[PDB]
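If you want the building blocks of each chain, they are given just below.
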Amino acid sequence: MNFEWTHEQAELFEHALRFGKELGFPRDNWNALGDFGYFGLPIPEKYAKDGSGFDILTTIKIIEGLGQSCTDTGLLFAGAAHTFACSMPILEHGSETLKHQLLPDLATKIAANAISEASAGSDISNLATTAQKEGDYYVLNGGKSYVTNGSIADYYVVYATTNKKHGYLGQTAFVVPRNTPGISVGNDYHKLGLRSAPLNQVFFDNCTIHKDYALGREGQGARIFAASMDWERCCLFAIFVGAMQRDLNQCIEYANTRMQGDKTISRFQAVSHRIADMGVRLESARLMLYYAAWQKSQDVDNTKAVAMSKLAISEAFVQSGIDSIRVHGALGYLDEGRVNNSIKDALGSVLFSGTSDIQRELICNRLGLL
Amino acid sequence: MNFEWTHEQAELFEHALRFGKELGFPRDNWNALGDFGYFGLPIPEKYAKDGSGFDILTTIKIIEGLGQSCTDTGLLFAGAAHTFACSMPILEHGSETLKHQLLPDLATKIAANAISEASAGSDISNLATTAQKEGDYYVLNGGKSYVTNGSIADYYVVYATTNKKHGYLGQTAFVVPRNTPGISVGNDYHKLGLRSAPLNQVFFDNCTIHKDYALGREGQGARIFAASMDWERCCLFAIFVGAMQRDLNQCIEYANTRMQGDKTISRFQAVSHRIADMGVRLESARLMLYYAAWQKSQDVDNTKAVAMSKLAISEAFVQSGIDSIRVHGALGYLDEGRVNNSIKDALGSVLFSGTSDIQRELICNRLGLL
Amino acid sequence: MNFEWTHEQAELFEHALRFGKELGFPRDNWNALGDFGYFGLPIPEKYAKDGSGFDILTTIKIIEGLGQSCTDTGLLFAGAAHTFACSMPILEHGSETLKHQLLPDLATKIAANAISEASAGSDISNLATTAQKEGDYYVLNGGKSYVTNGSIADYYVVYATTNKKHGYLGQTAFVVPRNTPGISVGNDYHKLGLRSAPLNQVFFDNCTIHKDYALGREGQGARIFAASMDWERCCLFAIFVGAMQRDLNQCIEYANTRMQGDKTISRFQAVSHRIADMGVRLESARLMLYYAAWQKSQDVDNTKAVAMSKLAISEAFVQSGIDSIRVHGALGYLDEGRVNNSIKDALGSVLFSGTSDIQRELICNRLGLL
Amino acid sequence: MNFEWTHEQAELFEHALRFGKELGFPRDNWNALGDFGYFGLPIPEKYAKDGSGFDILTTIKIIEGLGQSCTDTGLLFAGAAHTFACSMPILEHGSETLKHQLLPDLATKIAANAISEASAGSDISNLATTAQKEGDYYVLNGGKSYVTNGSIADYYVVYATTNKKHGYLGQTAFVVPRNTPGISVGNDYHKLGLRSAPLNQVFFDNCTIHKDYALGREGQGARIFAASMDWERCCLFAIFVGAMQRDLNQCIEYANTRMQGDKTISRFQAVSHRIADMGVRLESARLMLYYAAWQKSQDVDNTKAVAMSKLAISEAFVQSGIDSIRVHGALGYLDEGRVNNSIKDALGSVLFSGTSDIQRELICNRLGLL
Amino acid sequence: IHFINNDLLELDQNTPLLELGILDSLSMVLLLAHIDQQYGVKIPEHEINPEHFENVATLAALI
Amino acid sequence: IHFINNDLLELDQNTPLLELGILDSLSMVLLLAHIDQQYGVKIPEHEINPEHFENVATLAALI
Amino acid sequence: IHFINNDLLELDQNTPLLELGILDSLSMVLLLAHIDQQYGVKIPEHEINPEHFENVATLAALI
Amino acid sequence: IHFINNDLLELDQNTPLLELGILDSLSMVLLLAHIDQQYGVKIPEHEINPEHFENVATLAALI
Ligand SMILES: Cc1cc2nc3c(=O)[nH]c(=O)nc-3n(C[C@H](O)[C@H](O)[C@H](O)COP(=O)(O)OP(=O)(O)OC[C@H]3O[C@@H](n4cnc5c(N)ncnc54)[C@H](O)[C@@H]3O)c2cc1C
Ligand SMILES: Cc1cc2nc3c(=O)[nH]c(=O)nc-3n(C[C@H](O)[C@H](O)[C@H](O)COP(=O)(O)OP(=O)(O)OC[C@H]3O[C@@H](n4cnc5c(N)ncnc54)[C@H](O)[C@@H]3O)c2cc1C
Ligand SMILES: Cc1cc2nc3c(=O)[nH]c(=O)nc-3n(C[C@H](O)[C@H](O)[C@H](O)COP(=O)(O)OP(=O)(O)OC[C@H]3O[C@@H](n4cnc5c(N)ncnc54)[C@H](O)[C@@H]3O)c2cc1C
Ligand SMILES: Cc1cc2nc3c(=O)[nH]c(=O)nc-3n(C[C@H](O)[C@H](O)[C@H](O)COP(=O)(O)OP(=O)(O)OC[C@H]3O[C@@H](n4cnc5c(N)ncnc54)[C@H](O)[C@@H]3O)c2cc1C
Ligand SMILES: CC(C)(COP(=O)(O)O)[C@@H](O)C(=O)NCCC(=O)NCCS
Ligand SMILES: CC(C)(COP(=O)(O)O)[C@@H](O)C(=O)NCCC(=O)NCCS
Ligand SMILES: CC(C)(COP(=O)(O)O)[C@@H](O)C(=O)NCCC(=O)NCCS
Ligand SMILES: CC(C)(COP(=O)(O)O)[C@@H](O)C(=O)NCCC(=O)NCCS
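Let us now look at the overall build of chain A. If you tally the helices and strands in chain A, you get twelve helices and eight strands. Here the C-alpha radius of gyration of chain A, 21 Å, is about what a compact globule of 370 residues would show, namely 21 Å. Projected onto its principal axes, the C-alpha positions of chain A cover 80 × 50 × 40 Å.

Rotating chain A by 180° and moving it 0.0 Å along the rotation axis overlays it on chain D with an RMSD of 0.0 Å. Both copies of the chain, as the preceding transformation shows, are related through a two-fold rotation axis. Most of the interface of chain A is mirrored in chain D, where 100% of its interface residues are also at the interface.

This part is about unusual backbone geometry. All names here are of chain D. Although it is not a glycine, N149 adopts a positive phi angle of roughly 70°. Overall, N149 belongs to the buried group, its relative accessible area being 0%. Here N179, not a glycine, exhibits a phi torsion of approximately 100°, which is positive. Residue position: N179 is located in the loop between strand 5 (171-177) and strand 6 (183-185). Taking relative accessible area as the criterion, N179 reaches 73% and is therefore assigned exposed.

This part takes up the site of ligand 1. With respect to spatial proximity, 28 residues lie near ligand 1, and among them A:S122, A:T148, A:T355, B:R258 and B:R326 are the closest. Around ligand 1, the neighbouring residues derive from chains A, B and D rather than from a single chain. At 2.6 Å, a side-chain N or O of A:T355 approaches an oxygen atom of ligand 1. Between B:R326 and ligand 1, the recorded distance is 2.6 Å, taken from a backbone N or O atom to an oxygen atom. Calculation on ligand 1 without its partners gives an accessible area of 970 Å², and the protein chains cover 93% of this total.

What follows is about the interface of chain G and chain A. Counting residues at the interface gives 16 residues for chain G, matched by twelve residues for chain A. Sorting the residues of the side of chain G that touches chain A by element identifies helix 2 (17-20) and helix 3 (25-39) of chain G as the ones contributing at least two each. With five residues, helix 3 of chain G is the single largest residue contributor to the side of chain G that touches chain A. Taken together, the residues of the side of chain G that touches chain A sort by class into eight nonpolar, three polar and five charged.

Residues and elements named next belong to chain C. By the alternation rule, side chains of strand 1 (residues 111-114) split into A111 and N113 and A112 and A114, which are all buried. Sheet analysis places strand 1 next to strand 4 (residues 155-161), joined by four bridges and oriented parallel. What sits directly across from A111, in strand 4, is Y155.

The next subject is the domain arrangement of chain A. Residues and elements named next belong to chain A. Looking at the assigned domains, one finds that chain A contains domain 1 (1-110), domain 2 (111-217) and domain 3 (220-370). Distance between the C-alpha centres of domain 1 and domain 3: 20 Å. The interface is formed by 25 residues belonging to domain 1 together with 29 residues belonging to domain 3. As a salt-bridge pair, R286 and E64 come within 2.9 Å of each other at their nearest N and O atoms.

This part covers the packing of aromatic side chains. One pass over the full model with this rule turns up 74 aromatic pairs over all chains. On the basis of an interplanar angle of 65° and a centroid distance of 5.8 Å, the ring pair of B:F3 and C:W294 is categorised as edge-to-face. With one member in each of two chains, B:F3 in the segment before helix 1 (7-19) and C:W294 in helix 8 (residues 269-296) form a pair that bridges those chains. When the ring of D:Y159 is compared with that of D:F225, the centres are 5.1 Å apart and the planes differ by 75°; the resulting orientation is edge-to-face. Taken as a pair, D:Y159 in strand 4 (residues 155-161) and D:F225 in helix 6 (residues 221-236) lie far apart in primary sequence, 66 residues in all. Residues D:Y159 and D:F225 agree in their burial class; the two are buried. Taken together, the ring pairs in this structure connect A:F3, A:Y291, A:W294, D:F3, D:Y291 and D:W294 into an aromatic cluster. If you follow C:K263 out to its NZ or CZ, it ends over the ring of C:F268, 3.2 Å from the centre. Seen from the ring of D:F13, D:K61 lies directly overhead, with NZ or CZ sitting 3.8 Å from the centre.

A separate point is empty space enclosed by the protein. The method is simple in principle: a probe with the dimensions of a water molecule rolls over the atoms, and the space it marks as empty is what remains. Estimated volume of the second largest cavity: approximately 60 Å³. As for the second largest cavity, its lining consists of C:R274, C:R326, D:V350, D:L351, D:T355, D:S356, D:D357 and D:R360. Top contributing element to the lining of the second largest cavity by residue count: helix 12 (residues 356-367) of chain D, with three residues. Split by residue class, the lining of the second largest cavity holds two nonpolar, two polar and four charged.

Okay, the site of ligand 8 next. In the region of ligand 8, the neighbouring residues are D:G121, D:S122, D:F225, D:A226, D:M229, D:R233, D:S353, D:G354, D:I358, D:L362 and H:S25. D:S122 places a main-chain nitrogen or oxygen 2.7 Å from an oxygen atom of ligand 8. Here an oxygen atom of ligand 8 sits 3.3 Å away from a polar atom, N or O, in the main chain of D:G354. Protein chains bury 82% of the 580 Å² of accessible surface belonging to ligand 8 in isolation. Per-element accounting of the shell around ligand 8 gives the leading share, four residues, to helix 6 of chain D. Within the shell around ligand 8, the residues separate by chemical class into five nonpolar, five polar and one charged.

All names here are of chain A. If you check UniProt for "binding site: FAD" (unreviewed entry), the listed places come out as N113, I115, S116, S122, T148, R258, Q269, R326, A330, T355 and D357 in our numbering. The greatest C-alpha distance among the residues just named is 47.0 Å, and with 245 residues of sequence between them they are spread in space as well. Along the polypeptide, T148 turns up in strand 3 (residues 137-148). The class for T148 is buried, based on a relative accessible area of 13%. When neighbours within four sequence positions are excluded, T148 is seen to be in contact with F77, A78, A81, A112, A197, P198 and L199. Checked against the element boundaries, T355 lands in the loop between helix 11 (341-349) and helix 12 (356-367). On the basis of relative accessible area, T355 is assigned to the buried category, the value being 15%.

This paragraph deals with the side chain of B:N113. Its place among the elements puts B:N113 in strand 1 (residues 111-114). If we skip the residues at most four places from it in the chain, B:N113 touches B:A85, B:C86, B:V147, B:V157, B:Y159, B:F225, B:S228 and B:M229.

Residue-level contacts link 40 residues of chain A with 40 residues of chain D. Taking both partners together, chain A and chain D bury about 4000 Å²; carbon and sulfur atoms supply 68% of that area. Here A:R360 and D:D277 are joined by a salt bridge, their closest N and O atoms 2.9 Å apart. Applying the counting criterion to the chain A and chain D interface returns 18 residue pairs in polar contact. Of all elements in the fold, only helix 7 (238-257), helix 8 (269-296), helix 9 (303-328) and helix 12 of chain A reach the threshold of two or more residues within the side of chain A that touches chain D. Sort the elements by how many residues they give to the side of chain A that touches chain D and helix 8 of chain A lands first, with 15 residues. A per-class count over the side of chain A that touches chain D returns 22 nonpolar, eleven polar and seven charged.

The next thing to look at is the pattern of salt bridges. One pass over the full model with this rule turns up 60 salt bridges over all chains. By sharing partners, the salt bridges in this structure join A:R274, A:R281, A:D323, A:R326 and B:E315 into a single network.

For C:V280, the location among the structural elements is in helix 8. It is 9.8 Å that separates the C-alpha atoms of C:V280 and C:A316, two residues lying 36 residues apart in sequence. Not counting residues up to four positions away in its chain, the partners in contact with C:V280 are B:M288, B:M308, B:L311 and B:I363.

Thresholds applied
Residues numbered from 1 in each chain as written, not as in the entry; some residues may be left out. Chains lettered and ligands numbered in written order. Heavy atoms only, no water. Residues with missing side-chain atoms left out of burial classes, pairs and counts. Helix = DSSP H or I, 4+ residues; strand = E, 2+ residues; numbered from the N terminus. Rg over C-alpha atoms; globule rule 2.2 N^0.38 Å. Least-squares fit on C-alpha atoms. Contact = heavy atoms within 4.5 Å. Buried < 20%, exposed > 50% of the residue type's maximum accessible area, 1.4 Å probe, protein only. Near = heavy atom within 4 Å. Polar contact = N/O pair within 3.5 Å; in protein donor to acceptor, adjacent residues only side chain to side chain. Areas by Shrake-Rupley, 256 points an atom, 1.4 Å probe, with all protein chains shown as cover. Nonpolar A, V, L, I, M, F, W, Y, C, P; charged D, E, K, R; others polar. Pairing = 2+ DSSP bridges. Domains from an automatic or database assignment. Salt bridge = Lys/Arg side-chain N within 4 Å of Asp/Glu carboxyl O. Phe/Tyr/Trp six-rings, centres within 6.5 Å; stacked < 30°, edge-to-face > 60°. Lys NZ or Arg CZ within 6 Å of the ring centre and 35° of its normal. 1 Å grid on protein atoms, 1.4 Å probe; cavity = no way out; pocket = protein on both sides within 12 Å on 5 of 7 lines; lining within 4 Å. Points joined across faces, edges and corners; volume = space filled by probe spheres on them. UniProt positions renumbered as here; feature names shortened; annotations may be inferred. Buried area = accessible area lost by both parts, 1.4 Å probe.

In structure tokens, the structure reads:
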């Protein structure tokens, strides 16, 4: 029980903090993140010469540093979907040849996770996307309705029903290359926040893909998905802890400079105690983040700590974005204020990787509640 | 003590509800609102042939109906600044000739209220905008930093310091025509919400205006301002009660239709009890709105009820906009969802007419707290 | 739409305010309340020479005044269970002879409402208490687990299953006199608050009561109960609005007198804005109370407004009791402080007449949520 | 960065958990705690043969285990005031002879911390209790208004003004033996919770104590106090994390057993998601507790982490006590329910060691807010 | 009246509504509301009873 | 009028109330209220001006 | 294994657990937990499959 | 050290800091922090005393 980072971890962390200011779809910034090592952080050298093979804590701590120093949160979010919803299920359940095929470019080519449908969001138990096997190939059919990185994706990790009778176990996970005929993609959705992370409808119209693109055994998809959500819900939300620290830093700096009545506004407890509560929720959220990443490296059930962390972090991020605007007044409501992006992105964060309601369902479950 | 609207009031209310679907700066919709009678609602026939001379309750009830049926909340907000921050101080403190000059077009020409400065927001006690009298004229100097309707304004209601030694009583209110030389206006600010209500910086560089444009006696400005904020904080926020009802209606309709697991999501208490709390806060906010408008017609100090109503309504609107998105999931985060405009507009509403912190300062004051 | 009380109502209200300081089981204070007219407020003169025949608004306004001036909230709570859970279902569904028999002493003898069981609390759909008819008599069997006024009751309004097959309609309401053989009562429960309102287990062991003691038709009990809960949830909680005003008054007085650092604590916004929020929730709760009582006199479905009012009032009362202690510091934690009774009583108020969860279920229902 | 307890720490923790069920003023249970080692946990063997010399983490973890298994929270609270507000300032600022004199019985005689006065609570800057030096002795005069352990104390750690002109530095800390003539003590105050921790007024009427009873240099008292509050706010509140876990455990067990409508109440999300939020706040509070204790062993300023932990823990405890009652219904409102003690004790916990408002003032300070 | 199947249950004319719990306190409100919009009938209090609400057939009868 | 010193400030008849900020928007409300309870006078709107509220002496004059 | 009936459902050895939805993502966790306490078996990942979890009989087999 | 005037007060070398309340528990933290960044000095515990913190002049002395 200690909260000390190694010399090497502190150095990687300040390296992430320094990298922030070196930054349609911002392909240049995305490539710069690849060069920094962002998509390679949890990948072993065995599968990518620029993989880092870091443990979960070093990973999330670097991501936390990127979230603090990079203003384009949407871009970090896109890169983290790619790495944790796609690269990791490939690392953990792909054949050895598919791993050597796909990962070297993934660690550096873009991937998108596709499970949500028109009638499947919080409930992914009855997917309308089907995969019939024919000989050495699978034939995929159905639409996926909210694919992050859809328009820029070279590969889709698709979850489809292979056997409606096996229910929770009747689903398989595939890696569908872009360039597989039958794929069409809608234009990027206009949405509240996160403009740099494309969100698209993808339709699969008789997509024929070779057996070797399937992830794990047939019928394993629902648990492969749960395993990728354990990565996304744990590690992606490190971004938002970094962003909250920047938020808090800007509110401290502003409240100590902005004056109303030849007194600085921090002298009002309505302002200062509001900022205090930002720091309390942040330290709470950061600590729950660290705790969840540690348990994940420990071989126990870590779902409760991960659901808690995603909840605490995402809800704190929403409160952080409201409070940041409240502290800055009209300045925070204006776009040049450079402040209202937090609330716009944070409201996404209580939806994807499963809404706050669904995290609590998980928490209840792991607590023993029938 | 009763909550019954007269036959005539119910009819005006359903007339406002029906008007909503008959709808850069949307000048056409603004003129259509003028024809409906929106800027004329509290104006007497004595000063405009299309003035309605309604009491405060009939006024706010019609405005509440417009807020429910018109999706462009920003446009309603613009029109209400014009009517309640500008037309009313003109009605209540303008000379008889200025009233006959200005009001007939105001009730139907556009007005903007200008008090905020670079260093004056929540504190309007030390305004850097000066007005030196010279003969029969006043010479205005200084910038106003957040003028709603700035770019479209034909008149500005400007508050300036005329006598720094008289402090709280050293300020005068003027009606500065657009076309007074020395006025320059910045481009519409890019801001989080309310795109249809322009927000501009206005600079006044040696603006010479005739004595007859001053509102009330010299040195009365701070109390003329407080009197216009009593109109804006009471009546403008009727819009947001109307918008919350639409929000609630869309969440009821959605939760009864959207299914997850061949059950509608309203069967989950995380959803339904969330919508219950939307209805409780709405009924609370609506009732506090009505109560404040009634007291305003009653000749007592109504500032406490008005500050309470603005607080309750604006904070409920923020919660309403978050919850509306939570209920709709990804659909509510998408722009086509037609839902995320509430949170974007609501965050403005806890700032203008004085932030939530400042309303509580007023409430404390009227409660007796030293 | 107005918020004006008649001259006569204001006078009754100040009469309730003046009555407060004229005050095991405090039988003397209870009789003094009878003399004041407390149990007679909604009873017509036709059934009691000291009945007042007041409408719901005059009733609740007087009760609100008693809650403000009487420190024994538990005693007011006991009297209101008696009047609204027992006297009213007798007035509204009793035979003419039972009304002339029971009501004159009830308006002035004590009554207790008994529905809760060991396995029936929030769900009163499957009551284990049975009533078999034999000739001209009913035979009651079963325990009631939380009877307010149990030990002091002269009559019990008992709800029993008469026909398990008719479900929601298989229940009848009876008036069981104390002195009916087979009744035994446990000692007053030790509980968190409300010491002056006894709470008892009552067992009914083959209680034979004449047909004429049944309330309404057989099988009507569940709806007779819902109708009495409409009285209790609307009118009883008027007490707590009165108590919150006293709470707020004591926090204003204390914050303006108590000094820390030769400044009064009201100069800290952590204190004063806390008291502001007490006043906002109070005005909200009071207004929702008035609105619910008005709708109840209007012949529409008023369940949504009544559930909202009970929710808002009871939850505000809990917050009021916490905040009252926070404002007073250690003094409020001490018993002589005369402050910690609010939180102790308020926590009862979110349970009886149906928990906050159950009110929201009602609200959801009346909103249309499936 | 890891969350692993050593084998020895886990064993001490389960030893604390097992000790709970081996249990006016409960002197027998207090002595049993002494035998277990509770008052000796942070004391070195150099000053008590039964001192444990544990580090802060092992200390708080054992205390957390006692808070989970001992139902008498007030007794744990009394013992922790004694150890952390009195024993520790003696260990850290007492002469070597006073340490060998006082500590062996303290580690096993009872001590009480006395700073609060009639006009000094949150502000301890102007203490009316004076200490004039005369020769080799100090003469103490003044009342202390809320002394935990007052009636049972053998020693008082008294903070008095020695030099009004040196302000924040004009205060000295003394160890006043009970049996020093001139001490009188009031009867135990009747208070909301914590019956086993006596709370008393103590008056000092010309108490003459030898120079050697002073703690540290004259004028050091205010910082000696801040140093003892760093111990009390960090380590005492470990009790409440233990108590919240018991609370949560009882709500899980109850919600999985209690049925309403032949369904267990945990199947309602109003119940289960409420219990989820209990677990989230608990894990947050526990983690902030651990983090604060670690920083305290690290030689940095740890005041911000300690104020955060006390805030988070005490406020969670209040919410825990409300929610525990909500989950249990009427059963939780009844005393035999064995549940309503949490809210009663928790409301104390947001007052002593400095109210929640004062912790935020500290947090603001350490964040840099002017 | 597939209303009872979709809106209230998410069955035929002889399924016992009261005996098996389909109409309770809440579902009754939804049903009485549907009976007012679709068929214009506002069932008075006296006639809410186990005869008429035994099942859909008896219920339709009273409408 | 040590009211201004305790209630509003927590000074004499020549201290300039408006110039140094003692009467603002909030303090005015507290003062007008005290002027209604103690002296029964309800200062009309027209006479709130810098002449009468220059200081305590001028203020007392108008009362 | 009336555990499945009380804890998970609040049925026999041939009721199809996967096909009719009784074992999903959440219920599986409760079941795997019960299988560890009552029978000491910790079902490895590879053997969670539709053969073994077809029904109680096949499930008991694998235990 | 106009730091004391802006940051802590929003005065000269002889204004008594302790006697008039300018340095308390909170302001001390801000001051000790400023003394570490601007002048690199980390004032040890023993030397926080009324001699050295009597005023700015005595304080500057100890720095
Ligand atoms: C920015 C963004 C990016 C996204 N990227 C992706 C992506 O790359 N890939 C992908 O597959 N999806 C993605 N999504 C969708 C995401 O996975 C969400 O889970 C999905 O939006 C949530 O389901 P839904 O929108 O259909 O809402 P619904 O599931 O219909 O939920 C609507 C409401 O019902 C509630 N609800 C539902 N079930 C329950 C329950 N059992 N208990 C209580 N309440 C319940 C919800 O919490 C919510 O309040 C993204 C969404 C956003 C906003
Ligand atoms: C959409 C929009 C339209 C607007 N339109 C207009 C317009 O037409 N005309 C116009 O004049 N202005 C307008 N404004 C500005 C408006 O009047 C606000 O009052 C102003 O934005 C608030 O002050 P500020 O932005 O300078 O923030 P500040 O006053 O600097 O406040 C910053 C923070 O300090 C807090 N604070 C300040 N003083 C206190 C105090 N005494 N106690 C506690 N906390 C305090 C605030 O509440 C806030 O949290 C508009 C603003 C918006 C967002
Ligand atoms: C001071 C006091 C006086 C009382 N006096 C009387 C009296 O005179 N007569 C009388 O008959 N009773 C009385 N009661 C009991 C009262 O009517 C309460 O309804 C009863 O205590 C609540 O049910 P329960 O205690 O069995 O809790 P439960 O019904 O077991 O509820 C436990 C928890 O489950 C929740 N829950 C239950 N059902 C649902 C649902 N469908 N959805 C969501 N959450 C749900 C509850 O809200 C609560 O959080 C009194 C109670 C108190 C505290
Ligand atoms: C169970 C219990 C045991 C105790 N044991 C002891 C003990 O052993 N020894 C001892 O010395 N004391 C003890 N106390 C008192 C304790 O130290 C508290 O600090 C004291 O009760 C708080 O001050 P006060 O009660 O005078 O309230 P006040 O200081 O008068 O505070 C009243 C209100 O004003 C607020 N307030 C005050 N100053 C500020 C500020 N600057 N900013 C914002 N808000 C502010 C407070 O937070 C509170 O809401 C105990 C108290 C309790 C309840
Ligand atoms: C389902 C329902 C809401 C019944 O509602 P209904 O009779 O209006 O249809 C019911 O479960 C209920 O009201 N429970 C509340 C329990 C209660 O109020 N007890 C009061 C005695 S203090
Ligand atoms: C101190 C005070 C409350 C003045 O109150 P008063 O004039 O009623 O006395 C003042 O600071 C204030 O009202 N600020 C609010 C700023 C504002 O409302 N701007 C509106 C233009 S959108
Ligand atoms: C029931 C369950 C909780 C499945 O949990 P499980 O696979 O761990 O057993 C499931 O409904 C779920 O996790 N939904 C979340 C939806 C989601 O996370 N989409 C992410 C793509 S952005
Ligand atoms: C201003 C300050 C925060 C002093 O802080 P400091 O000594 O760390 O500088 C002070 O007012 C304070 O800590 N008050 C808390 C009162 C308290 O803790 N009493 C405890 C005995 S139970």
